[PDB]
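Enquirer: pasting the first bit of my complex, frame unchanged:
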Amino acid sequence: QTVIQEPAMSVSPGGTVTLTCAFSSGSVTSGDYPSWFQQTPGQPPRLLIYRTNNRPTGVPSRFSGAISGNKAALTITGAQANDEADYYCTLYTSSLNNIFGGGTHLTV
Amino acid sequence: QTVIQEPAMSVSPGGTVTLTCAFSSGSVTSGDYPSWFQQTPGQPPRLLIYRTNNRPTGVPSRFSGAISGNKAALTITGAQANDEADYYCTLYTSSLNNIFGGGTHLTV
Amino acid sequence: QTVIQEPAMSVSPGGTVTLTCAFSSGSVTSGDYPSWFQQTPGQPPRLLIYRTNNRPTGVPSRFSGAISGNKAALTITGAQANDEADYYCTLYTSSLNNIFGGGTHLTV
Amino acid sequence: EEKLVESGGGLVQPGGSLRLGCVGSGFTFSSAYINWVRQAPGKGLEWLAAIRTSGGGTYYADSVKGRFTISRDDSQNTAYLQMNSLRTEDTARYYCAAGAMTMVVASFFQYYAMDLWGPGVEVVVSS
Amino acid sequence: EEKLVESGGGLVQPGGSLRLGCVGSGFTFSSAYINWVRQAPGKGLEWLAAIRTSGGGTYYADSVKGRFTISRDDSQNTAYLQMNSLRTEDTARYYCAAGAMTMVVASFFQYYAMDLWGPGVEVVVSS
Amino acid sequence: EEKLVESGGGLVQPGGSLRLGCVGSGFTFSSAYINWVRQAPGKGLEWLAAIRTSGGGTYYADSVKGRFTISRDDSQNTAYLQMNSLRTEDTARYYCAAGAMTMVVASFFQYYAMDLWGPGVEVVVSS
Amino acid sequence: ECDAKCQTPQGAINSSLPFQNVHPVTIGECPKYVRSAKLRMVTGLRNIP
Amino acid sequence: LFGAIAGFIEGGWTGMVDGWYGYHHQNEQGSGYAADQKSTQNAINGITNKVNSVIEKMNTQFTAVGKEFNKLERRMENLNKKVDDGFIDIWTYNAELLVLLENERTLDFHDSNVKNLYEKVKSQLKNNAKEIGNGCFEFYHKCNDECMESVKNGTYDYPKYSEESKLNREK
Amino acid sequence: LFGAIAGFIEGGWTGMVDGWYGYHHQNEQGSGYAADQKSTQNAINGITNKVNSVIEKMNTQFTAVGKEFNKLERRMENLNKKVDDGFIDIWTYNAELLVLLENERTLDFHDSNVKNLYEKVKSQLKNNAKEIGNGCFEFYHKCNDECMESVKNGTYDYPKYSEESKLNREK
C-alpha cells in the first residue's frame, strides 16, 4: 500500500551505504521489480538500478542493488561527493502501477 | 477451375523461354503443386518438373521451374533443338485432383 | 496365477546351467520383472538378478538372466561348486505384489 | 525396370462398356497411387481418375464422375478403369500413370509426381 | 538524442482544468509506455498515470483516478494528461517518463524501467 | 552397514496373535519399501506383505489378506507385522526384506529389488 | 583408370559421406576418419508393428 | 516426448504404406488407410534438410596425412602422432554425440507431428465426434466418403452436421 | 514443435510492438494490443543467457598462427598446414552446427511460450468463455477493462461471472 524509506542518511567519502526500501506490509520480493532514482534539486530524476540488479549504460559500476531479507537495498561504495542527492525507490504492484518511496537524503 | 496456357510459342536455339501456366481464377501458389510434362509425337508424357522447382534424375539441369507473380513458369536455357515438343502444366486442386493445361507447342 | 519351477537339477563343475521359471498363464515378459534368489541352508536369501538382467555389486559375472520365449532363464556358467543352493524366482504381478517360485535345488 | 502396360480398348458402340487394365512391374505396385489420364486425338491431356493405396479413396473428375469407376487388385498388380455409357467424345488414347519416384529419407514414393507412364491404349467409340 | 519535452501548465483556479502535453523525439514514441509523475515542492515523487502502446490500457493511481485522464497521439509523438476539477493540493512539477531502454536480443523497450524523463512543467493551483 | 534385525516370534497358541518387528540400521529406512516373507520348514519362500513409504499403501497376499496387517514407524526405524487368527500352517521362519539398493542418477532405491534381508525369526504355532 | 576424391592404400573411396573408418592414412579431400563402427541417422519413426 | 508415439497411440500400422502419418476410416462404404500428405511432406522436407546439413558441411581441403621421419627425429614423430590422434579423437566424439542427439531430436519431431495432426482433427470435429481413445474419433452422424475426405483434406464443415449430432449426443 | 506459431495461431501481429507474446481484446470501450510482460521477460532472459553462453564460452590465449620455414623443411610446413587446416575445419563444423541447432531450440522455445500462454488463459477462463479457434476466446459474459486486465495479469475471478455465464451459455 505505502512504501517506507529512511528519512535521511549520511556517509563519509570512500564509504558504503545501505539505503533500504520496504513496504508498510509484508515482504518485498523480486517480483515487485524495485527501481532506484537519484534526483538533485532542479533536475529530473535519473534511473540508477532497475529490476533490483540491472544498471543502465551511463550509471557507474558503483551503485549496486539487491534484495536483502525482506527489503530492497541500494549500496554505494565510492561516495565521490557527487552522490549528495535524494534517492527514491519505486516498487511495482502491477504491470505499470508503481508506488514511490519517501526519499533518502544522503549527505557526503 | 480451368487452367490457361499459351496456345503456341517459338524460341531460337540457344535461348531462354518463359512457358507460363495460370489459373482462370486468383493467384497460383506453391500449394497448387505445378507439375510440367513434355510430350513428343506418339509417345507417353515425361515429367520434367514436380512440385514447382524439382527435377527427376534423368532430366538434365537445363529445365527450371518457379513461381512468378501469380503464374507457374518453366524456363529452358540450353535449347538443344531436341525440345520441340508440347509442354503441359498440371495444377493440383486437391490431394489427387489435378487439372491439365492446354499445352504449348514449342518450335526451336 | 502361480509360478512353476523345475524341482531339481544337477550340473558338473565348469558346466552351463539353464534354470527356468514360468507362469501357469500366458507369456512371461519384461513387465513381470523376475528376480532370482540363492539360499543356502539356514541363511537369509540373496538377490542375484533383478529386472531380468541386472546383477547387484557383489554378484560375480557368472550368473546371467534373460527372457527365453515365454519363460525366464537364469544361466550359470562357471559352476564354482559353491552353487549347491536353492534357487528361487519371483515374478511381480503388481507394483509390490509378487509370487515366488517353488525353487530349484542345483547339485554341483 | 519400372513398367506399366495397358490392356483392353478397341472399338465399342456408344452406350457400351469397357474395362481398361494397367499392369505394373519392376516396382511395388501396391504402394503407388494410380492415375488414369486421356488424350483425345489432336488435343491436349485430360486427367480422368485416381486411386490411392490401402483403400484410401477414389478421386474423379467432373467429366466422368458417375460413369467411370476405378479399382485395383494388388495381388495381380493391376489397376482397372471400368467405363460405362461411353459417348462419342470418349475416343482417346488412355494412359495409366503411377507416382513411383523414390526418396532418400523414406521408402515411400514422392507425392504430386506422375513419373511413370504407360504406352497407352486406344479406345474408339463409333458405329 | 532521446528527449521528452513537457507543455501546458501554469496557473488555474481550483475546480479548473488543464491538458499537459509531452512530446518525444529521438525514439519510436509509439513503442514506449508513457508515465506521468508529479513532485510537490518539498515532497517526494508521486506516480500518477501510465498509458501503454496500441490501446493496451490505461493505469491510474487511486489518488487521481476519475479526475485525471491519460491519452496519446502516435501520429504526433504526443502524450496528454487532462486534469479536471483540480484541487489546491495538485500543485507540483509534472514529469513525463518513458521506458526507452533497448536490449540486444529484441527491438522492444525494457520493462519496469522509467529511464527517459522530461524536464517537467510547473502547475500552480491558487486563488 | 545395512542391517535388518527381526524381533518378536516364539510359540503362540492357535487363534492367537503376534506382532513381529523389523528394525533397520545403516540406511534411510523411511525411504525403503518393506516386505514380509515366510519360509515354512522344508518349503519354498512365500511372499506375505509389503508396505510403501509416506502412506503410499499396503499390499497383501491372498493367503494372509484380512488376517495380517502391516505398518511402519519411521521415528524408530521399525516395521511391524501384526498377525491375527493364526492357523496351524503359519509356523515358519519370517524374513523382513527391504529395497535398499542405491543408484548413481538418483537418491532413491531401486524398484522391484529386495536386496537387504534379515536373519528372520521362527514362529511356531501348536496346541 | 578410375577417378576418386580420396585415395587409400587399400583402395579408393567413392562416396560423399562425412565420415569413414577404412584407414587413417589417406590422400586427398577425404572424409574424416573416426573409430566408430556404426553411424546410422534415423530418418523415419520407431517401428512398432 | 509428446505422448503420441508409444503413448496414447500404442502401435503403428503396417497397412499404411504411403506415408508416415495418416488416418484409418470405418464408414459403411468401407475401411481404409490414407496418409496425410501435408504433414508427411513437411516432415520429409525437414528430415532431408537435416541429413543434407549433416552431410554437406563436411567440406575438406586436399591434404596428405602421412609423413616419414628417421630415428634422430623422434620428437617429430610423436608430435605428428599427437596431432593425428587428437583430430581422430575430436571427430569420433563429435560424430558419435551428433548422431546420438540428432536421432533423439528426429524421434521427438515425429512424435510432435502425430500429436499436432491429432489436435488438428480434434479441433476440426469439435463436439460432432467423441474421443474413444487410441487416437480415434467416433462420429455422432453418418460420414460418407466425402465426409471422410473433408476431415482429411481439412474442410469439415461442422455446422452442416452439428444439429443432427446433437440428437445423437443428447441421447 | 508445439503447434502454436504457424499452427492453430496462423500469423503474427504487426500491431503488438511492446513484446513477443500478448493479447488483443475487443470490448465496447475498444480494442487493443497488450504484451504479456511476464512471459516476454522470461523469454528475454533465456535468450540473453543463451547468446551470452555462446559468446563468452570462447576463451583464448595469446597465440600467433604464422610460421616461416626454409626450403629444406617441408615436413614442417606441411605439419603446420595440417594443424591449421584441422583447427579451422573443426571450428567451422562446430560453429555451423551449433547455430543450426540453436535456431531450432529458440524457435521451439517461442512456440512453447505461446502455447503455455494460451493454456494459462484457457485454464483461467474455464467454461466462462468459448474457444473459437485462432487462439481466440469469446466471453459468455460482459467484460470491461477491469475484466480484461484481470485476465491479463492472472487474477480472473471465475466465480464472479459464473452465474451470468451459465445463463448465457445454456441459451
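Expert: Looks like it came in fine. Residues are numbered from 1 along each chain as shown, chains lettered A, B, ... in the order given.

Enquirer: do any residues in the helix or strand where residue H:105 lies lie close to chain I?
Expert: For residue H:105, the host element (DSSP states H and E) is helix H:75-125. Yes: if you take Cβ under 8 Å from any Cβ of the partner chain as the test, helix H:75-125 does meet chain I, through H:76, H:79-80, H:83, H:87, H:90-91, H:94, H:98, H:105, H:109, H:112-113, H:115-116, H:119-120, H:123. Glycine gets a C-beta too; all of them are placed from N, C-alpha and C.

Enquirer: buried residues in stretch H:8-19?
Expert: H:9, H:16-19 (16 or more other Cβ atoms under 10 Å in any protein chain shown).

Enquirer: just stretch D:80-95 next, same as before
Expert: D:80-81, D:83, D:86, D:90-95.

Enquirer: could you do stretch H:88-106 as well?
Expert: Neighbour-count burial for stretch H:88-106 [16+ other Cβ under 10 Å]: H:90-92, H:94-96, H:98-99, H:102, H:106.

Enquirer: who's sitting farthest from the centroid in the chain?
Expert: Defaulting to chain A. residue A:95 (19.9 Å; Cα atoms, centre = their mean).

Enquirer: switch to chain D, please.
Expert: Of all residues in chain D (Cα atoms, centre = their mean), residue D:105 lies farthest out, 28.2 Å.

Enquirer: hmm, residue I:154 and the residue farthest from the centre of chain A touching each other?
Expert: No: the pair residue A:95 / residue I:154 is not scored as a contact, 10.6 Å apart, by Cβ atoms under 8 Å.

Enquirer: one step back: relative to helix I:74-125, how tilted is the helix holding residue H:105?
Expert: 20 degrees (axes from the mean of the first three to the mean of the last three Cα atoms, to 10 degrees).

Enquirer: how far does the next helix or strand after helix H:75-125 sit from its chain's centre?
Expert: Using DSSP H and E, the helix or strand that follows helix H:75-125 towards the C-terminus is strand H:129-131. Per Cα atoms, centre = their mean, to the nearest Å, the displacement of strand H:129-131 from the mean C-alpha position of its chain is 25 Å.

Enquirer: chain J goes on too:
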Amino acid sequence: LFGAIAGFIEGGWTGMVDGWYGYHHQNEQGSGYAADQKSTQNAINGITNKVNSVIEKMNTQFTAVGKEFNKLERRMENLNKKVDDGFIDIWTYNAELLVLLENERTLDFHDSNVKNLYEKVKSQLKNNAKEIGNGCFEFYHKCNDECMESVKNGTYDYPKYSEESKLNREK
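Expert: With chain J added, the chains above now look like this:
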C-alpha cells in the same frame, strides 16, 4: 518447456521420497504419497543411458603431452604449444556447451514426463473426476484404497463408476 514443472504444478513434494513423479491421494482412510514406478523407471533408464553415453564415448590412446626443445628450436616449441592450446580450447568449448545443452534437455525430459503422467490419468478418469487445478482431480464418486491403487497402476474401470458419477455431477 511443457508447462508442468513450475507451471500449472507450482512446487515439488518433499514427502514423496521414493520417486521423481508420483501421486498425492486423500480418502476417508487418509492421505499419502506414492511414486509412479513405470514413469520413474523409464526416466531413470534414459538418464542413466545419457550419463553413460557422455562418459563412455571418450576413448583415448596412450600419449605423453610433453616435449622438451633446445633454445635453437622455438618454431618447434611454438608449434607444440599451438597444438596443445588448440586442443584444450576445442575440448573446453565442446564440454561446456554439451553440459549446458544436455541440462536443458534433461529438465525438458522431466517436464514432459510429468505432463504425460497428468494426461494419462486425465484420459483414464474422463468425466468421473473434476479438474480442480494444480495437477489435482476431485472424484465425483468415492474411491477407497483399491480404487486409488487402480488409478495409479493403470486399470481404473471407468464404467463401474460411470452411473453414480452422473448423479453426483448433475447436482
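
Enquirer: again for the buried residues of stretch H:8-19, chain J present now?
Expert: H:8-9, H:16-19.

Enquirer: nearest to residue A:83, of these?
Expert: residue H:8 (63.4 Å; Cβ to Cβ).

Enquirer: quick one on the thing from earlier: which ones, among the buried residues of stretch H:8-19, also lie beside chain D?
Expert: Within the buried residues of stretch H:8-19, those near chain D by Cβ under 8 Å from any Cβ are H:16-19.

Enquirer: can you tell me how far the residue nearest the centre of chain D is from residue D:84?
Expert: Nearest to the mean C-alpha position of chain D, by Cα atoms, centre = their mean, lies residue D:36 at 2.6 Å. Using Cβ to Cβ, to the nearest Å, residue D:36 is found at 14 Å from residue D:84.

Enquirer: next one: residue G:2
Expert: 60 Å.

Enquirer: check which residues of stretch H:128-145 are buried.
Expert: H:128-129, H:135, H:137, H:139-141, H:143.

Enquirer: helix, strand, or coil at the residue farthest from the centre of chain D?
Expert: Secondary structure assignment for residue D:105 (DSSP: H, G, I helix; E, B strand; the rest coil): coil.

Enquirer: how about it, nearest residue that isn't a chain neighbour?
Expert: Sequence neighbours aside, residue G:43 is the residue nearest to residue D:105 in space, at 4.0 Å (criterion: Cβ to Cβ, 6 or more residues apart in numbering or on different chains).

Enquirer: picking that back up, so is the helix holding residue H:105 next to chain D?
Expert: No: no part of helix H:75-125 sits close enough to chain D to count as contact by Cβ under 8 Å from any Cβ; the gap is at least 9.9 Å.

Enquirer: farthest pair within the ones next to chain D among the buried residues of stretch H:8-19?
Expert: Farthest pair in these, by Cβ to Cβ: H:17 and H:19, 8.3 Å.

Enquirer: list residues touching both of the two?
Expert: residue D:108 (Cβ atoms under 8 Å, 6 or more residues apart in numbering or on different chains).

Enquirer: sequence for chain K below, add it please:
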Amino acid sequence: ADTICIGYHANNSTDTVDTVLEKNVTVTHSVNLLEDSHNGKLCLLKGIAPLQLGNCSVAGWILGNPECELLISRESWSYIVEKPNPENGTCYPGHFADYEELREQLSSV
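Expert: One more chain to add, chain K, which I have set with the ones above:
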C-alpha cells in the same frame, strides 16, 4: 458408428539406431553417415594419374637404377605408389642424405 483413427507408419525394417536415451531402437528408415568399403584399386587424383615405382624405390628411381628402365617417362603426377619393401633402391651401398625430405618434395609435381 462411423470412426476415423489417427496413427503412424510401421513396416518390417530391422534397422537399429542408438539414441542418447535408449540403445538398439528399431526404426522404419535410416541413413548411413559412415563409409566402410573401398574399391581395392588405385585411382586417379584430381584428374592426374599417380606415379607407380614398381620394384624400385624413390632413391633408386631418382638415382637412375640400372634395373629401373620401364619407369622412365612422366610429366606430372599426383602421388607416388611404392612397394612396402622395395628390392631395387641404392644398388651401391651408401647413405642417402635427407631422404625423407626428398620424398616429401617429390610427392607431387
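
Enquirer: repeat for the buried residues of stretch H:8-19, accounting for chain K.
Expert: Quick answer for stretch H:8-19 (16+ other Cβ under 10 Å): H:8-9, H:12-13, H:15-19.

Enquirer: could you export that stretch as PDB, CA atoms only?
Expert: The C-alpha trace of stretch H:8-19 is given here as PDB (Å, rounded to 0.1, in the frame of the first residue of the first chain):
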ATOM      1  CA  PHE H   8      -1.900 -42.900 -26.300                       C
ATOM      2  CA  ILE H   9      -1.400 -44.200 -29.900                       C
ATOM      3  CA  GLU H  10       0.100 -47.600 -28.900                       C
ATOM      4  CA  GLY H  11       1.300 -49.100 -32.100                       C
ATOM      5  CA  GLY H  12       1.900 -48.300 -35.800                       C
ATOM      6  CA  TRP H  13       0.100 -49.600 -38.900                       C
ATOM      7  CA  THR H  14       1.700 -52.000 -41.400                       C
ATOM      8  CA  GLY H  15      -1.200 -51.400 -43.800                       C
ATOM      9  CA  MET H  16      -0.400 -47.700 -44.200                       C
ATOM     10  CA  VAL H  17       2.400 -47.800 -46.800                       C
ATOM     11  CA  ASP H  18       2.200 -44.300 -48.400                       C
ATOM     12  CA  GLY H  19       3.300 -42.000 -45.600                       C
END
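
Enquirer: is chain C contacted by that stretch?
Expert: No: figure legend: stretch H:8-19 not in contact with chain C (Cβ under 8 Å from any Cβ); closest approach 14.2 Å.

Enquirer: state the helix or strand in which the residue nearest the centre of chain A lies.
Expert: Closest to where the C-alpha atoms of chain A average out (Cα atoms, centre = their mean) is residue A:36, at 3.7 Å. Per DSSP H and E: residue A:36 is located in strand A:35-39.

Enquirer: that strand pairs with which strands, parallel or anti?
Expert: strand A:46-49 (antiparallel), strand A:86-92 (antiparallel) (DSSP bridges).

Enquirer: in TSV, list those strands along with mean neighbour count.
Expert: Shown next, in TSV, are the strands paired with strand A:35-39 (neighbours: other Cβ atoms under 10 Å in any protein chain shown):
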stretch	mean neighbour count
strand A:46-49	22
strand A:86-92	23
